[PDB]
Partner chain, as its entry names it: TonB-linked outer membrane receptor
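Only one chain comes next, encoded as structure tokens, the form deposited without the partner chain.
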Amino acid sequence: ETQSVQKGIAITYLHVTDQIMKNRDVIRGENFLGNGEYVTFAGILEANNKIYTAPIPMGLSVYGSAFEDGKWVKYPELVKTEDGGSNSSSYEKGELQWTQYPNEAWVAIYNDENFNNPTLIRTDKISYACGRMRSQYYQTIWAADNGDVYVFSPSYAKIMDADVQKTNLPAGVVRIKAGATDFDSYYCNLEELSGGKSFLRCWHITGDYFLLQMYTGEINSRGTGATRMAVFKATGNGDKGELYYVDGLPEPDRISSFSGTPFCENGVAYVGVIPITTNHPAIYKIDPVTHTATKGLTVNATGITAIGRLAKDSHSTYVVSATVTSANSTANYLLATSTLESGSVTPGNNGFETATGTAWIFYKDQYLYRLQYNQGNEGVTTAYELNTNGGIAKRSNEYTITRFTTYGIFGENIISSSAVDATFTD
């Protein structure tokens, strides 16, 4: 029995009720899809009492390229001859970086949070189903309210250097009917409807409506120009899909960024809009039925990084995470407000100072979890709630967690994941 370093998939659970952190045994990532490559999970989607994730191919590890004298190497000219690269895309000699099979998408369906015996299904109609920004892999699989799972691809691989690693498929969407175990016949080419544009990430709003953060020009590694929103009605136009750019937002050349995860309530989506350069961020309400946006709460801070609701007994409030960035520091404030649609909030008092967070997740209206990314080192997390006096309070337990590149919720577990180096037997 021979042990060696191989690629695995790490899973971290934050149980919200028991307030306990667990690591799963690392899942073997090598040859996850049957072609030798290893994978990164993108998204943890709860629907139909199951977990859906997109196993995003990463190419071949050093172990994978060497395995049985290059068995898995389709394009040997791409195997790296020396260490190189930058940031989370640094590579080592012997790697084959990024997938050799860009013209397909996989989805893994798991019966529960123990992540055993996945149903793995493939489509050749779209490229892999994630968005990309730096190290992070953005969820682009989402469930309509009836349980149908829509699988979106922005065709990020079209920007790969080598022809054989670029996808030739336009950004598009496919479907897994609720309770089905394979894709059905649905397909929507989004570039045909969008004016040739793809997207950075997307989310579910309500019903069969989804929100897409659209590019003004070509998709790119830095996310430049991801400054418009569109509403996608999946079953629109006789089950062919319909895409409408959102009206009422600032001009794209006036938007610096959007806040990251929308807050959905009563059939609409609230999103923070951070303008370039006196102009303060504000929360806009996006009505998917009319694809219209209206300006609401103003946030007197640098940016907005989370929007949600917290409650305890008879108390409840909206909560807006606001960043305050100075020349020498970056601070974060949780701000309580009774409305997202008028007025303003300012740190300096109902605010509560926290560390900054790479990702913020509301668990229902009960808890707010902060997840911090730390490059190659370990991530960090803390959690917040409303006390019995309706004030914002920090939860007792904090955690050091494995490096993560995606996250989601299933049941009472917040789940985070990444592709790791790990020892495996054989």
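Positions refer to the first chain, counted from 1.
One more form of this protein exists, namely the form solved in complex with the partner chain; it is left out here, but the text below deals with it.
Heavy atoms within 4.5 Å of the partner chain in the deposited bound form belong, among the stretches 65-73, 44-52, 353-361, 29-37, to residues of 353-361.
For the three marked residues, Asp25, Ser256 and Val324, a heavy atom of each sits within 4.5 Å of the partner chain in the deposited bound form.
Distance criterion of 4.5 Å from any heavy atom to the partner chain in the deposited bound form singles out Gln213 from the list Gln213, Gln139, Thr99, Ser155.
At a distance threshold of 4.5 angstroms between non-hydrogen atoms, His280 is in contact with the partner chain in the deposited bound form. Heavy atoms of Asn189 never reach within 4.5 Å of the partner chain in the deposited bound form, leaving it off the interface. Contact check for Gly390: no non-hydrogen atom falls within 4.5 Å of the partner chain in the deposited bound form. Heavy atoms of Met160 reach within 4.5 Å of the partner chain in the deposited bound form, making it an interface residue. Counting a residue when any of its non-hydrogen atoms is within 4.5 Å of the partner chain in the deposited bound form, the hits in 379-397 run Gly379, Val380, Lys394, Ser396, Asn397.
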